[PDB]
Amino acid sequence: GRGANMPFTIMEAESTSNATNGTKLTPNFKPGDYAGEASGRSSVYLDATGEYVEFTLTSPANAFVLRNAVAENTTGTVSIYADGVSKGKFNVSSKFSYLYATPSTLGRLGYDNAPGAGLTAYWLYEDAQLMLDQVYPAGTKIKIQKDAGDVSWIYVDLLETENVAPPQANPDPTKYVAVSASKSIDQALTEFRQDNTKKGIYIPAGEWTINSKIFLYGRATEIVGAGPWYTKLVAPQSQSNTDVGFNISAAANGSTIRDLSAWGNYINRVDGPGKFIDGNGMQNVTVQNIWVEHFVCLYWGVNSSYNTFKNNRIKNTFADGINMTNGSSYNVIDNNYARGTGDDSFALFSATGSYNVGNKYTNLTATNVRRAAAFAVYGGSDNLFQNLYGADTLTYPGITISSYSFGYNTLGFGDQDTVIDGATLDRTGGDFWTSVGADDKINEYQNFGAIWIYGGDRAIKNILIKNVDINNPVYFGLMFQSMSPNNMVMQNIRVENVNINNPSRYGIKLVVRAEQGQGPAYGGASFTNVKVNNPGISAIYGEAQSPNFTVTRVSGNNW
């Protein structure tokens, strides 16, 4: 792609190809800012009746997602036109946006939904979904316009366009028990469990309440919808933060959930509940072509192995998109799209089996990461992250590679490579934590590069980063750091075929003193064909001040 191959096309409102009579925001990297939090770090502000932004379709489309920001505590409309003719109205809302903190309490980002004295609003953008009753061809002018009766103002960030097929029917009514107006999901599953000729349940087009955790047991179960634009599982929207969805017991290992969407009612992060799918220790489960929003996570694996997450869309969550922890091995996380997660979009946390091993995170896109990293790997052995696209992180790297234990029981990285192979990272990095007494100090925070290689309190070894393009990182391309006093010696850290373009500070930073009491990096890293182009200050910082760290310039480096 790089990244996921999805049926929708993403178009930035602010593209120079898009006529507008509204206000195009100049980019910045600020959280809590309508530019800093936008895709591409810009949007088009429509602030008077008749102001519009005009998109041009590059593929046919009957369905649209508008990422936008409106005033706090408001709902309303904005209009959509096709070739100059009005065609409908998006339902725009800040119900799920505006999370409050202060510049020195970004650790609270995502947790606190109420305004208050001295509090700044963050997480300002949200989405509106709309299907039209015609497929419009490539080349159609799709205008987003603020007409009389629409919201007082709106920031238009991007438009998703998609040509959605008609809904898919029950694959076989004699094998899939249908949910219906008078038969709930739970009742359909009970009928399935008690009749061995059934393969599962079918959930038709519609909106279907999920007001509970729905347990899958008995045997492997298929849950099949009509398509994610059609089958909508809906948490009770007059409630907030209800723990609903599916919970897969061991008897239902081998289950499949596919072709549906799930619309949670979380308005802030809660730690514990809030994963759409629970399946601790689950095996051989397939989750495919589902679209999930407004949960804490899609899935949080715990010693869960041989599972497949494929073709999913994870948007506007309050913590991680997918995390696999504590022994989870041999999983296939392939061709998934995340936008707006509230913590690491795709993560792997290895802990004591000794390691998470054999996982393949492939063809993944993670953008507009509202806190933490697009991709994060915490220890493990023989795990592959391949063909990644990451962009527009609010606070942290595009990719975190970390041997910090976080107080859990872990060995760190193992004896087989953790591989990052093929990745594009656009405008990644950010500010987090504190930097009291730090070297190379530019503000009150620690400052994170596009890729952070962090030796923590456990082994940091066997890391291969290759075929990566890092474009306009907030601060640095590659950032290497060792936690003191542990000073774990980094071994077999190699970087190959990497382009670092226009970093504002340095192409490569060896952290010398992140904060009081901390020191420089231990071990070394090798660089082959690593280009640093137009750095703001210099190509590499920290080399002379890092006497325990050896930079090896194998060949092909312009620094």
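All residue numbers refer to positions in the sequence shown, first residue = 1.
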Subject >> Size class of the missing deposited segment between residue 352 and residue 353 >> reply: 1 to 3
**OP:** Please work out which of 315-323 and 214-222 has the higher mean CA B-factor as recorded in the PDB entry.
**Re:** 214-222
Original post:
Which is higher in the entry, the mean Cα B factor of 39-47 or that of 507-515?
Top reply: 507-515
Original post:
If you compare 257, 262, 302, 158, which has the highest Cα B-factor in the entry?
Top reply: 302
**OP:** Tell me, please, which of 359, 129, 120, 365 has the highest C-alpha B factor according to the deposited entry?
**Re:** 120
**OP:** Can you work out whether the C-alpha temperature factor of residue 66 puts it in the lowest, middle or highest third of the chain?
**Re:** lowest
**OP:** Could you say whether, by C-alpha temperature factor, residue 455 belongs to the lowest, middle or highest third of its chain?
**Re:** middle
Original post:
According to the PDB entry, is the CA B factor of residue 19 in the bottom, middle or top third of its chain, that is, lowest, middle or highest?
Top reply: highest
Original post:
C-alpha B factor of residue 11, ranked within the chain: lowest, middle or highest third?
Top reply: middle
Original post:
Lowest, middle or highest third: where is residue 444 by C-alpha B factor in its chain?
Top reply: highest
